[PDB]
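Single-structure report; data block below.
As written, the chain order gives the labels A, B, C, D and E, with residue 1 at the start of each chain.
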Amino acid sequence: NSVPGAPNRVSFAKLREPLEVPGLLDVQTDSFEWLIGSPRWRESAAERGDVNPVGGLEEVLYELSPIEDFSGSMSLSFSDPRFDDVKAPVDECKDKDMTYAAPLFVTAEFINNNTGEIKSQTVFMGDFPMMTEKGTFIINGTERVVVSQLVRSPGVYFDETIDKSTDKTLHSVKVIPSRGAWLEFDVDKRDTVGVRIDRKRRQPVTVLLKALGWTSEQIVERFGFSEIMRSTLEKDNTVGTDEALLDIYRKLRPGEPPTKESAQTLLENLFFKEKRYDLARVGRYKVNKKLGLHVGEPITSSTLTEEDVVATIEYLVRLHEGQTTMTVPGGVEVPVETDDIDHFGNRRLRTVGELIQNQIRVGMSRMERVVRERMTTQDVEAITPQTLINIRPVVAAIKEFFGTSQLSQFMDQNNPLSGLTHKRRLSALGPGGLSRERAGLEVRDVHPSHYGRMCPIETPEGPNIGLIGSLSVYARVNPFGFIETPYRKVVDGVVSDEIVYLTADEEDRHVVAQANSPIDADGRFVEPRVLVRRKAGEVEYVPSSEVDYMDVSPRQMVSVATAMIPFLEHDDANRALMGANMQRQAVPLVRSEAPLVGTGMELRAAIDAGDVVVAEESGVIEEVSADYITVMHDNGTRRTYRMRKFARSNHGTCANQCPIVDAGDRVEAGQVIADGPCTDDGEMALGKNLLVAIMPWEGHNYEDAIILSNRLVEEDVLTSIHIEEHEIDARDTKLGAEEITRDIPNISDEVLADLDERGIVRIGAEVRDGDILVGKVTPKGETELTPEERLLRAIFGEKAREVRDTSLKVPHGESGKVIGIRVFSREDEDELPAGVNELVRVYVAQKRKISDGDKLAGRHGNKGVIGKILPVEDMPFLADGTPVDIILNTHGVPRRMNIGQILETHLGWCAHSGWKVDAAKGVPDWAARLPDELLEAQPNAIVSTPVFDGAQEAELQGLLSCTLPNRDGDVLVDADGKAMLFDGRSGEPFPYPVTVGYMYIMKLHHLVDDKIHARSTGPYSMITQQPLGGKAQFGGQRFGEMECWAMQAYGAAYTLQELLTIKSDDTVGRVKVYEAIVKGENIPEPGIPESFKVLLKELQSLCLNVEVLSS
Amino acid sequence: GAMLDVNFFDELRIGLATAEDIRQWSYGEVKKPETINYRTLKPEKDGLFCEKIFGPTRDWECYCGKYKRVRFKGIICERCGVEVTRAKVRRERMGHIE
Amino acid sequence: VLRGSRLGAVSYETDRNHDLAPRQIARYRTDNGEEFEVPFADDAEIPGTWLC
Amino acid sequence: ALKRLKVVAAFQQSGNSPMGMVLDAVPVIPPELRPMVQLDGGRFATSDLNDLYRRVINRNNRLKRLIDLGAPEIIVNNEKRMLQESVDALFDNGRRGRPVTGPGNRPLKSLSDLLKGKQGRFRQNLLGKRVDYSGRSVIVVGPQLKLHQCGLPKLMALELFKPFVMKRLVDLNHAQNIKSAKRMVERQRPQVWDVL
Amino acid sequence: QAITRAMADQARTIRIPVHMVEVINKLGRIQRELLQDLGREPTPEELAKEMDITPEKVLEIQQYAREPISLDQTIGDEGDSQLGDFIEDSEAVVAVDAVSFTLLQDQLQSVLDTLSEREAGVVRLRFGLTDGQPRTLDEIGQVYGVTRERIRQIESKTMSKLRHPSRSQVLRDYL
């Protein structure tokens, strides 16, 4: 429901949902339209207060303007950014290898103070790349996703450590800004209060207080409660503000002579001025919230203050003393406690608009440096904003962010789930956040403040586990960058329908119930004591009126890819992590059916991903073809929607779109009008439903291998289309110009048969490994030919052929049909790089059957390669005569704790066969909580068990005991879920019943045709002469240290020597080995490897006299 | 001891090279911070890629093309100074900066 | 796949040792008394100074 | 005195003189161990040691100009200190001070960086290499095999055993010579599997 | 003047002279002004008309203004692999060309050996198959005591013999 033409998927769920799932690309689109300053953002911010908001671009231009030279006689300031329409639409940008962008215009203004003159222009600032309707960027023709970054927010961070020599609690502070110099405040093993101002040595805090200008009477009056402060005031042996400033200056800038004004202004121009220190709006907000300084005041003047420094030291000494509350004079009370730096109220999120804003700010700093620099040279009253402004650094900053950055990534296009999960990703690493090797084991953990904000399950399993996560389903992001999650407000024990979005601090202040606690039909709790979540991750039982919030749903804590695993709470967390990560490696198949047992997430994850065509406005379908759908709206006007037929995605797969509407059908707004890569009738469909048996079978499924039927090869069940793109270009050389032609040097007319009369293949032609695709030739020059070659040319009459053949050929192991050619030319005014006269792209598509070595999976972490593809007739078959389609091994299930796959197999059999609960003498006791019209189902019913609220084991037992016969009255699978099978080879019945059912398996993008390589002799490196590495070359395999130790442990001196000399490095021995194999002789003796000679020349060039001695 | 490295080694000795060792290994002094010509892409004389110091770029040719076969093997061209020999000696000849 | 050339040629010849062109040896002397031998071709004019 | 006598006795008991710790000439590594290659498309790529050597030559030539010009000692000492720091950055970059960076604030790779570490000469190229006659694929279970047997896919075996099958194709008169035998193996004629 | 001429001499690895650095800086200023005052990256025709040169000279200057990339930079993101591990040495011995040339030398020597002695000697001394030095017809004529036109005539008749299918079938595959 709520989607206008959705298929009827009956749900096993028992609880009502108060809040619908949000837009699942809001994390991208809301941030970028904040950065623009869209009217949609402006009214959405006007809804949440009238706080006079400013966009990201206006914020950067306001904090930059006005730019003034040293004399103060002239100023340049910016205002009012504007965007034109985009230069070309998204499909044209992708087709023509362009960037989807819009021109940005700002209003610059120049003031000459001594006369009074306003010279105002309108300055073009560059082609700003725009975000499409799905949260992506088309940068140079490719679709890119900017990933949000998890960082530590600026603020004050109090913490304590316990000593191990004296066993004292040593408290400390760090106040860390964005863009500034740090300062700390320790309390050491002696009773002293220190300062390490800007990572210098140490000094007592009274030095810093006197340098700020505090007398000892003032210090005693303020810190009169602290014996620590009294002792460190007495033991400092430095009295006087000038003396303290001298003591600071003597170590802060060592070597510079202390002048009085420089010493007096060093502290102010290091911290308190907006040039070199500005903790941001978030940092000022967090400092004011921690110390309680300004309660309701709007956040401005984001530099540090002396009241902030004195409040920090006062907080530190009261924390060391052991109090729990304090108040600064002129503020509110705050609790006194230490800080956790991994807490999600201290970890913020630099989203896409903020990352682009930082790069704009970096570019405009260089622009204003050049503004001052050429403002001093040029004659005044002759200059104007377009003579002051050089926009080339801003253009280059945005360009080098969008290409070659860590957080601007190639979009994951395997299926719609990969695409939707690449957005909504929170990566902790990148430029400005922690590394991978230098990251501790404490930031890779799941913290109790991730509940509802980050998913505990979905994370990589490689060396990135914990450093990349995913947003939860209901989570929002603050104006400041903090992740919120919604809660239902409960008052006097009655759960109302107010939804409040709480960040992790306010959640720590309250006590939050659980979404499945019982409710007496008006909101009032049924039980007397409710299970809750308290301040520190404590889970208790409190009285029912102590509660003041409640989760909106179970599965509030999970993400999109994790909410699609049925029966998740019966799987262990390792196998759920694997299942969620393998779900976004499935390939699009040629037919794509939807699961029998799913959760309810598959529809919304398919509409929100965007590979489905959705009717924007209601109408009636006027004309359908395979290329377009044109609907005629209710007021005259029509609209046609082109489909994307057989388009290569970023990873080689196919991106077909198929209409699913008839030619007179009435559609509604929001109704799915055409399918996508991996969807069936509008909902995400990544695999196929296959009949499974859970026996072992003759060793062919030993240790996660898999046996398949040959029906899945004959009937094209698991068959997929993969497209490859090959590119060549013909540019100018020193000796002439390369050209694309059929008149190649000496090759036969056999290999020139499929080439049209410009040297490109014909569309539809089958290509093998080594076939010419584009015939190119380059000018060679003049060389000296061998006497043997000259004699052969004189015998056979051939000429010199002053051009050298360098064509584009199909690489090793590839084939397919040529389906498309895209040629760009210099003379037709296509925008090619300098030098290139022509560029040709050929598309070769092939259709891949399933074969052994290919990797399949289910949704519960059960992967495995195919070991055998049996014939149909030697497969275990039911008493019907029906063969099974896949055989999975028994030994792999119970030691992995993923019996969600077994309960899915049972429910899938019941959904295939259908059922009918016998409510003759009333409803049976196990079906008392079953929703009505789950009390019968037709064959091939689609059902849905949601994640933490689904079908119970009592319900699966009952539905197994009532299920429909096949064609005769023959119930083939008994009340345990087990069937009697026959052996396909011997013919005898298997002696015990076997578990059968329908599991939804999917085919993963780890196919054999990409994995296999071999090499006898190929390319070699340049400095050291060892083989290159990789399948993209020919590429050798590496024989490293551990393999050498295995050879030495065996005792294989000759095998090891031959591997390390005449198979890598011995340059004159490689050729003699080849010649000796071909002539049939004995393999010769090895020589010195070339890497040893390179080592000796590097040791000699470090001035070391290394020499080899004889005897 | 051995310098061509035919594999009868007994020892490998390391030590500290003096200036006489350095300017005895060297085949010539490099005295320009030049690498190749920007137009013809051929090495510059006395530069970091010089053929008179480090040996020729093409097998058995000099720099000016005056001597171009194995018949002239081991002689030095009287014009450009490039010894006509193999091109793989540019992995073996050192130079020095004074 | 990146493919680059250090701009030189590799010839396929048999490195013989017998039928070689005649050479004459000059001897030069720098201003600190060092001495060097330069093998010039036999039919070639020996220069007056040489950069050693 | 014990810690001093280690290095004083090292210089005594050998034939080393301690004068080799100060440099009067700097050796220059051969050119093809620091090459300048021309890529596809006319672009050049070079090897980060040419920049360090060029800094040494530039500052040395300018020092010769200042000494023969007769400049004051402030200028001459600043030039000598710069020459010393450039030779230090050639041998070991970032050991003393800030490293010399290239474009993009990336530090240049000096002569001691070619030797040290997991990616240096000793551990990357000498104790373990990449090898010819070498393949890789993905394993499946072979329960019909004996213990001394493996199943090798024929498309991998044809590439590993390519010179042996070229020799045998010539020997059985399926090919006239090694060139046409290599063409038969590359185009995968039906005689190739019988020979393999 | 000293700072600017030194920067022209010493800024780049491949040294461009001072006058070419001056026209590169001129083209840079012209291109910046046209991009600012046009709202679009100018064409080579617009640059060549603003700077009074031909539209191919603009491309020659713009391709001389390219700086080398580094062989020692990490081309990956996680594998810590440099650029120089991806560049195939396009001038190494291919190890099957080197043995094919050997077998071609042997086969060509066999086919020449099954002719007559003086007829094979004429072709070997003509094409320099023994010492790499192709002599002329008068040199071979004074070698065998014959005249130049008779040397040319017997050379033509040996080429007619060697163009036979019975000789050239074993050598057709080596081209």
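Here are a few things to note about the model shown:
As a working rule, a contact is a pair of C-beta atoms (placed from the backbone, for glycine too) under 8 Å apart; a residue touches a chain by one contact, two chains touch by 3 or more.
Shared contact partners of subunit A and subunit E, listed by label: B, C, D. Taking the mean of all protein Cα atoms as the centre, the chain whose own Cα mean lies nearest is A. As a whole-number value, the distance joining the C-alpha centres of subunit C and subunit E reads 24 Å.
Between subunit A and subunit C, the centres computed from C-alpha atoms are 61 Å apart. With each centre defined as the average position of its C-alpha atoms, the distance from subunit A to subunit D rounds to 35 Å. One inter-chain figure worth recording: subunit D and subunit E are separated by 26 Å, centre to centre, where each centre is the mean of the chain's CA atoms.
Looking at subunit A, one finds that residues 784, 786, 835, 1017, 1022-1023, 1028-1029, 1033, 1070, 1074, 1078, 1094, 1097, 1099-1101, 1103 touch two or more other chains. Within subunit D, the positions touching two or more other chains are listed as 20, 23, 26-30, 32-33, 35-39, 42, 45-46, 50, 54, 58, 178.
Residue numbers of subunit E whose C-beta contacts span two or more other chains: 10, 13-14, 63, 83-84, 86-88, 93, 96, 98-99, 101, 131-132, 174. If touching chains are joined by edges, the resulting network of the protein chains shown connects every chain directly with every other. Here, these are the chain pairs in contact: A-B, A-C, A-D, A-E, B-C, B-D, B-E, C-D, C-E, D-E.
Across the interface of their complex, subunit A is touched by residues 32, 35-37, 39, 59, 62-63, 77-78, 84-89, 92-93, 95-96, 98-99, 101-102, 104-105, 108, 123, 127-129, 132, 134, 159, 162-163, 168, 171-172, 174-175 of subunit E. Across the complex, subunit C meets subunit B through its residues 6-11, 13, 15-16, 19-21, 23, 38-41, 44-47, 50-51. Within the complex, the subunit A residues that touch subunit D are 698-703, 705, 731, 733, 770, 813, 835, 852-853, 865-867, 1008, 1011-1018, 1022-1024, 1026-1029, 1035-1041, 1043-1044, 1059-1060, 1063-1065, 1070, 1074, 1077-1080, 1089, 1091-1092, 1094-1095, 1097-1103. Only residues 28, 41-42, 52, 57-61, 67, 70-76, 78, 81, 87 of subunit B touch subunit C when the two sit together in their complex.
Those residues of subunit B that touch subunit E in the complex are listed here as 33-36, 38, 69-71.
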